[PDB]
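Below is one structure; the comments refer to it alone.
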Amino acid sequence: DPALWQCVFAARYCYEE
Amino acid sequence: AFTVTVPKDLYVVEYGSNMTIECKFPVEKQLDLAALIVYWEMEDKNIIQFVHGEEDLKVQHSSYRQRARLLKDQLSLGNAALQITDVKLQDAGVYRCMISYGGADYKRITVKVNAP
Ligand SMILES: *CC(=O)Nc1ccc(NC(=O)C*)cc1
């Protein structure tokens, strides 16, 4: 679950920056 | 088991004000900061990534940079409190705190933004 959340937080960071 | 609570589930705030939205989580005695993970998200924007006792601001969505931060000193009380200063119309939407502290849980909060 924190794994999944960090998976998504990192995926969006790639998209934004 | 591990439950995260929200005092209210809907916040209506005026444009240009500061808002503080809160999530509560269970803390037995002191606080194991190694154990604590906090994530705040709204819509598709990364607001706050706090994990294993450390902040991460590079992941934060650019619209919240220096405008949004997690209020730490309440965490030792079991409160993950996201404050956003100078609320914009685009701060309206659905927010979600995600807390891991041994167990893990999350809640959703809706924000409505006025204008005057
Ligand atoms: C599970 C997971 O963390 N996946 C993941 C993390 C980060 C990225 N980052 C980029 O692509 C830059 C991809 C996938």
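Going through chain A one residue at a time, which ones are more than 8 Å from the ligand (Cβ to nearest atom) and over 8 Å from the mean Cα position of the chain (by Cα)?
Those that are more than 8 Å from the ligand (Cβ to nearest atom) and over 8 Å from the mean Cα position of the chain (by Cα): A:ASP1, A:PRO2, A:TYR15, A:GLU16, A:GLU17.
Give B:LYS58, B:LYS72 a once-over and let me know the one that is touching a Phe, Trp or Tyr at 6+ places or on another chain (Cβ under 8 Å) and either more than 10 Å from every other protein chain (Cβ to nearest Cβ) or more than 21 Å from B:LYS8 (Cβ to Cβ) (or both). Talk me through it step by step, then tell me what you get.
Numbers: B:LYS72 fails: touching a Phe, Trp or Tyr at 6+ places or on another chain (Cβ under 8 Å).
Being touching a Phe, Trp or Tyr at 6+ places or on another chain (Cβ under 8 Å) and either more than 10 Å from every other protein chain (Cβ to nearest Cβ) or more than 21 Å from B:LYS8 (Cβ to Cβ) (or both) holds for just one of B:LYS58, B:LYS72, which is B:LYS58.
Just one of (1) in a strand (DSSP E or B); (2) within 14 Å of another protein chain (Cβ to nearest Cβ); (3) not small (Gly, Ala, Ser) trips up B:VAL111, so point out which.
Among (1) in a strand (DSSP E or B); (2) within 14 Å of another protein chain (Cβ to nearest Cβ); (3) not small (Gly, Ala, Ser), B:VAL111 violates only (2).
So which residues in the range B:15-55 are of a type in the set (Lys, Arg), under 17 Å from B:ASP73 (Cβ atoms) and at the interface with chain A (Cβ under 10 Å from one of its Cβ atoms), if there are any at all?
Listed by number, the list is empty, since nothing qualifies.
Each value in this text was obtained by applying a stated rule to the coordinates, not by laboratory testing. We place every Cβ from the backbone using ideal geometry, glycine too, and count neighbours over all the protein chains shown.
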